[PDB]
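Input: a single structure, listed below in structure tokens.
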Amino acid sequence: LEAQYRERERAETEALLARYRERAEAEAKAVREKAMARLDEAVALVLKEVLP
Amino acid sequence: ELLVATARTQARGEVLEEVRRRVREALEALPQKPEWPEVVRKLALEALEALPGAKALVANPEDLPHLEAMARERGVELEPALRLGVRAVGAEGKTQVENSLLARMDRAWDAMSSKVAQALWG
Amino acid sequence: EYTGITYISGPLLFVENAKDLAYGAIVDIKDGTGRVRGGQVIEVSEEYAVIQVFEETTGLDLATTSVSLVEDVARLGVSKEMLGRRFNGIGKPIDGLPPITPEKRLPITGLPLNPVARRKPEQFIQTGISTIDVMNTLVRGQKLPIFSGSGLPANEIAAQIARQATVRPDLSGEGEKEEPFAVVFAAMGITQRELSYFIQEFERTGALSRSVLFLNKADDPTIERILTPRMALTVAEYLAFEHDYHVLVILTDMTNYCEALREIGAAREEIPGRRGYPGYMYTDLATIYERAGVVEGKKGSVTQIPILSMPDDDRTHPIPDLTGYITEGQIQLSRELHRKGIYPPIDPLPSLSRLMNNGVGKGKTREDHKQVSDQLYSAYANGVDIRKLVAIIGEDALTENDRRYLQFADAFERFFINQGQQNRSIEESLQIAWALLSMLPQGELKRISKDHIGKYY
Amino acid sequence: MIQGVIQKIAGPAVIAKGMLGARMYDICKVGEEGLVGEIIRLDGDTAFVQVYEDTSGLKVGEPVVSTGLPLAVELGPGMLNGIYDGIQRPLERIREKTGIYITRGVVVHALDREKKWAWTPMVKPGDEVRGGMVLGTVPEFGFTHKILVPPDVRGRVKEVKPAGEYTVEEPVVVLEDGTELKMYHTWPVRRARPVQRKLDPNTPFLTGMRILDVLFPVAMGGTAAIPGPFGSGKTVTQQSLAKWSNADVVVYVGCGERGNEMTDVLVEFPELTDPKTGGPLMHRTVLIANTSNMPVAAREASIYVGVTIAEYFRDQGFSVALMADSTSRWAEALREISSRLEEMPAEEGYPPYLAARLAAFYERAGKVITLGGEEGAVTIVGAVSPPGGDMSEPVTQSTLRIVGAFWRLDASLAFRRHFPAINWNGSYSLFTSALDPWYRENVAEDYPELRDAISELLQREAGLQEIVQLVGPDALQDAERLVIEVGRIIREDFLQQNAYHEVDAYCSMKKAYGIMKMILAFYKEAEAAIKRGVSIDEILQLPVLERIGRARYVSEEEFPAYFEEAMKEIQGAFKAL
């Protein structure tokens, strides 16, 4: 019983991780794509506070 | 959950250090720009106004053209060797407050790290 | 520059031109080794200051004595992304996430809790154990010290209870979502094994994506020792009061914390104290512990559990005395118990928690609990009186009552005190107590009412 | 270079002047003979000279010209086989060029400069180096002694001198970084060979005893201590690490141990057999010991300098055994600094530097995976004593009692027939719960069962000890005198071991296994003997009492068949009655 429950759990502790990876990477992209448009604005705020 | 944190931090990094790449490219080609006197003069202003008494407001010698005016307001200017800063030296000893575009850049992701995160993401 | 270098013997430094510097400041020192080092600026004057270098003292030269002002004001981030990371020391990359997250540059000490903004305990936590949650309720914002010995491993019996501890306010009608399990840990001066044995427990089963470590190695300088707590201290305020989370601060090894401190104070012209340990301890030790206690309108507050070492739990030096005024209760460790492998080892009459019924009531930890909690005190304590005397009173006088009280003990230490690393709740930790007492007659039960007996036996 | 002469000569608190471009904690030359000092203060132009070799006529107006290294250790061959100091000088050479005397102002070599060792090319100018890469394999006697590049020192090779012997001063590999890799090269001890991380031990180390391995295990990668107040037979546990250890490479160091206690120990070892070879024990031992005969300042340096010599072999792929012989000798040097510098130590007879310069050496190495990805494991068995006579003092608890094992000792303990002694009660083991795998597999699969069941009696006996010093037990009962007499023989024959014979000590798996089951069994059989009504008097006057009495005069070799015959005499003279 334990024998058919250990392999069960193994295949679920693979399924769970597999989905986490897909969100993680898509939400990694969502932090890239959000920045690269509001990118010149950051450089502006930085520049403006180094040169005084 | 750890995997989410790591893949985001990795993504977030690339953007901060590339922002740094664009910012440092601008400072490297700063002398080329005609906005070079306005910057140099304001940096040395806080310096002489601060802890260095202006014994000598030591500069690089090709930024001596672009600060010879405020040599005549304070100090005698003769280098850091970066060509992108101004050391100031005081009459206390030598004192030593160096306001470099490099030095203000290094402490501005540890001194106004908040401000760049708000402008990219919020 | 910042010359005027006199008495550089060990990590002392005097420098003149400290009219630009502040107390409570930290500065970059430059030298020709190429090492850039900190160390706090203490005992300042218009001339001579005292700086104590971040790392060692090997590199200081006479050529370059300049100091790049970092900031007179004390800078300290308040973080909010630190709820599932790993760090050792001040905050250095172990898991490769960045030290801290800025919001503010708050000082290290902003000054503790205002007393009229503090409310009574009214909730409890559960550490997965029996004897220290049934017999003595660990309440809301309680400050409960665990006096450990020397020659015994403090550190293991600590983190053991890490995974076991998952809170259970179930019985009161609140979840573990309104009481989250946040382990914020700050040790100092810990061994190379023990520092890796800590992270092992965490990484075992899921509990490191809801907790942060900080632990200043016994080879990380005595200057960094002190600030280690103050860091996560100021972050903690913002965790449990302003996110409504519930943190549990577990400190370990206080001896190191207090040794290093002494060196610092001895150069500010403060005399050390009784049995060499400092007398300016009191103030400084307060500030870590007094950010404990509930807060009006803010449900989440930090529970404090400090752990410290003594030679045999003797009270003949400062380390317990001091502590023992601001903190409530003590829970000392038995040689008998720990030999036999009964964990965690908690004494009979020597052990008691000052509060245990003003954070819990009836039906919040069960109703029978009331009188069950003062049974097993008087009921356990009776077997300890013949737990070795069975042949010192010969076989020439032997009685039924006390004999049965030997068998009580053996099953009380096996089953009740120790429960392995297996998890328990209030209701399962209560089961054990009743069952064992069932051997015993009704005539040896006296601290529990017939009402409670008419519920469970 | 650095200038200056003596301003104020005043024995060992000398104040130089004119010191410019000096730097803290750096080796120098002072005087006209050269006594070898260290900058332990700077105060502008003036610097506190620390004076190692004794002053005898040194004056005002003598050189103080700073070498400019921070006690840098010359890495390279010559170490294996020899007598060295804790800041590195070979006592072979001092004795060979002076007398039998040690003359002050006579500084001999840093390592070698007249010895040559065979170079085998193993790098070419085509490839690059990294830190913790083999440059070649030099053969020093029966051991194998490579050369490595220290870490943070790296380049791209540019030559490699061909096969042949070469003097150690010279290079043999040169790099395109302005550095040249030598068989005599300065490396700081202030930045002693970096590692990848601290790891948890889980493989035990063995001294070949039945009390330092059995009831309270020691670890490989470990830390331990065995305090024995004001001497108590704590020096004898190095006649047990002498030729019964499993350390591939021994590195024996003493802070400044007094000559007489290392007269018989010091020359005992070249005479001794080498278990890792056969000849002198000095094929594996390095011996970097510092004595009272050696400089009084050298004692202060000693530990933080001698750590780096432990590390160079440990890095390569060795399971080095480092022992600081009585760390209290280091405390007497550390606290003397105050006296000479006009500062008071930390109050109540405690040293000013507590944690700072103690804990850091200890935790510098001990089961740590390296940068090369090799396993560096330093095993120490601290042979300490308490400085105040009390063990409630900081330095004891902070790294000498939060250690992996503690064994207490008394004075009348060791006098009976115990050397090295351990207490029966007062000895606990702080790490054993990670050393059980290895014991189970390698030794015996029921071994964590058989040590907990011996200790159980050994320590519960304390229960009775208290009632003695109370009213006293006078109720002689069978279950009474059962514990009493059992435990007694355990202290009389099993804690009484001599590190002087190979039949009273020296243990391998089957001997350590065997003895520990011998007792258990007899005890076991006594439990059910007495229960029927067989008096303890008649148990005592059996010949089987004498067999346990003849289980400390039996060799390891014989041990196998000895035990196999005696298991029958147990079951015969017990069950039957």
Unit Cα scatterers, Debye sum, chain D: log10 I(q)/I(0) for q = 0.06 Å⁻¹: -0.37
Rel. contact order, % - alpha carbon contacts under 8 angstrom, at least six apart, chain D: 13
Value of relative contact order over segment D:430-577, rounded to a whole percent, pairs C-alpha under 8 Å and six or more apart: 27
Computed over segment C:154-300, Cα set: Rg, Dmax in Å: 17.1, 55
Equivalent ellipsoid semi-axes, segment D:430-577, via Cα gyration tensor eigenvalues times 5, rooted, Å: 27, 20, 16
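Compute the Rg/Rh shape ratio of segment D:214-363: radius of gyration over Kirkwood radius, all on alpha-carbon atoms. If you can, show how the numbers build up before the last one.
Values: Rg = 16.3 Å, Rh = 16.6 Å.
Ratio of gyration radius to Kirkwood radius: 0.98.
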Rg and Dmax [Cα atoms of segment C:116-161; Å; Rg one decimal, Dmax integer]: 13.5, 43
Dmax and Rg, reported as Rg then Dmax, of chain C (C-alpha, Å): 25.3, 89
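Trypsin sites (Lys or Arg not before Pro) within segment D:478-565: which are DSSP loop residues with at most 16 other Cβ atoms inside 10 Å?
D:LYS531, D:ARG532, D:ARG550
Give me the percent of DSSP beta bridges within chain C that run antiparallel, rounded to the nearest 5. Don't jump to the answer; show the numbers that get you there.
Numbers: 15 of 33 bridges.
Restricted to chain C, the bridges split so that about 45 percent are antiparallel.
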Restricting chain A to GluC sites (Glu not before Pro) in coil, as DSSP defines it, with at most 16 other Cβ within 10 Å: A:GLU2
Two-decimal Rg to Rh for chain B - Kirkwood Rh, Cα set: 1.11
Residues of type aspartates and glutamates that C:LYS92 reaches as a straight line, Cα spacing below 16 Å, ignoring anything fewer than 8 places off in the same chain: B:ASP110, C:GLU55, C:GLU81, C:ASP219, C:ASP220, C:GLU224
Within segment D:279-323, backbone nitrogen closer than 13 Å to the virtual label 7 Å beyond the Cα of D:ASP54 toward Cβ: D:292-297
FRET efficiency for B:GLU49 and D:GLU176, using Cβ-Cβ distance with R0 set to 51 Å, rounded to 0.05: 0.60
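For a footprinting-style exposure proxy, rank D:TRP424, D:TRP117 by other Cβ within 10 Å, fewest first.
Working: D:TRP424 21, D:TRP117 18.
By the 10 Å Cβ count, ascending: D:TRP117, D:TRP424.
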FRET efficiency estimate (nearest 0.05) - Cβ-Cβ, D:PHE143 to D:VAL503, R0 25 angstrom: 0.25
14 Å Cα-Cα reach of D:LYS531 towards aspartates and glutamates, excluding residues that sit fewer than 8 places from it in its own chain: C:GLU395, D:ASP478, D:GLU480
0 to 90° range, to nearest 10: angle between helix C:222-240 axis and chain C longest Cα axis: 60
Two-decimal log10 I(q)/I(0) for chain A, as the Debye equation yields it once each C-alpha is a single scatterer, q = 0.13, 0.30 Å⁻¹: -0.57, -1.01
Label point distance in nm, D:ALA10-A:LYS34, each placed 7 Å from Cα along Cα→Cβ: 6.8
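What is the local net charge at D:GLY18, summed over the other residues whose Cβ is closer than 13 Å to its Cβ (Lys, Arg +1; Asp, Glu -1)? Don't skip to the end; give the middle numbers.
Numbers: positive: D:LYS8, D:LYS17; negative: D:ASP43, D:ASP45, D:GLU62.
Once positives and negatives cancel, what remains is -1.
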In sequence order, calculated HN-Hα J values of segment C:131-136 (Karplus, 6.51, -1.76, 1.60; Hz; x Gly/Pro): 3, 9, 8, 8, 7, 8
14 Å reach of a label modelled at D:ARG416, 7 Å along Cα-to-Cβ, counting backbone N of segment D:470-509: D:484-498
Whole-number D in µm² s⁻¹ for segment D:44-189, Kirkwood Cα-pair radius fed into Stokes-Einstein, 20 °C, 1.002 mPa s: 122
Descending Cα extents along the principal axes, segment D:27-112, whole Å: 44, 28, 15
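Can you give the translational diffusion coefficient of segment C:292-364 in µm²/s, computed by Stokes-Einstein from the Kirkwood radius over Cα pairs at 37 °C and 0.692 mPa s? Spell out each step's value before the answer.
Values: Rh = 15.0 Å.
Using the Kirkwood radius from Cα pairs, D works out to 219 µm²/s.
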Dimensionless Rg/Rh of the protein assembly as shown - Kirkwood Rh, Rg from C-alpha atoms: 0.99
Summed residue charge, Cβ within 9 Å of D:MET391's Cβ, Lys/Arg positive, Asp/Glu negative: 0
Computed [θ] at 222 nm, deg cm²/dmol, chain D (DSSP H ≥ 4; -39,500 (n - 2.57); rounded to nearest 500): -6500 deg cm²/dmol
Number of partner chain Cβ atoms within 10 Å, mean per residue of D:396-409: 4
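Relative contact order of chain C, please, whole-number percent, based on alpha carbon pairs below 8 angstrom and at least 6 residues apart.
Working: 881 pairs, mean separation 77.1, N = 457.
The normalised contact order for chain C reaches 17 percent.
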Beta bridge orientation in the protein assembly as shown: antiparallel %, DSSP, nearest 5: 70
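Once the piece of chain linking D:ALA528 and D:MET1 is laid out straight, how much longer is it, given 0.36 nm per residue of separation minus the C-alpha distance between them? Write out the running numbers ahead of the final one.
On the way: separation 527, 0.36 × 527 = 189.72 nm, distance 8.47 nm.
Between D:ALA528 and D:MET1, full extension yields 181.3 nm more.
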In sequence order, calculated HN-Hα J values of segment D:216-233 (Karplus, 6.51, -1.76, 1.60; Hz; x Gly/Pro): 9, x, 10, 10, 8, x, x, 8, 6, 6, 8, x, x, x, 6, x, 5, x
Shape box of segment D:1-71 [Cα atoms, principal axes, largest first, Å]: 28, 22, 19
Kirkwood estimate for segment D:115-181, i.e. one over the average of 1/r between Cα atoms, Å: 12.2
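Readers should treat all values here as calculations from the given coordinates under stated rules, not as data from a laboratory. Reconstructed Cβ throughout: ideal geometry from the backbone, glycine too, with neighbour counts over all protein chains shown.
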